[PDB]
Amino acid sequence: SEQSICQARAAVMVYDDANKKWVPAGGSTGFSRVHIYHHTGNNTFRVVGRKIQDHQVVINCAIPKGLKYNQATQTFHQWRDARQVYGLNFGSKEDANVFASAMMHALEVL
């Protein structure tokens, strides 16, 4: 079904617009392993992240064609869809580079 095209260490955040604050995705602070999964049958991509500790899925987001991926800093990247704003606070610049490369590749071939 789906192939992982990258793995990156990041704390996954979502933006609480009513309170103007970032909050941990899934409700629990800490780092996750964040994949981009490619579904080859229909050429779709998804961001799926799981907490290192307890394997909880904290993000499971489609990547639509035309997404604006904002590399705010070398270690915090973010994007939005029609409901939520997502942020990734990467564990290193290398993790940020790996993930942005895969994301940019996804956006090119979509």
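One-based numbering along the sequence shown.
Between the stretches 1-9 and 100-108, it is 1-9 that shows the larger average CA temperature factor. For the pair 48-56 and 34-42, the mean Cα B-factor is higher in 34-42. When all modelled residues of the chain are sorted by CA temperature factor, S28 is found within the highest third. Compared with the other modelled residues of the chain, the Cα B-factor recorded for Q84 ranks in the highest third. When the CA B factors of the chain's modelled residues are split into thirds, the value for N70 lands in the lowest one.
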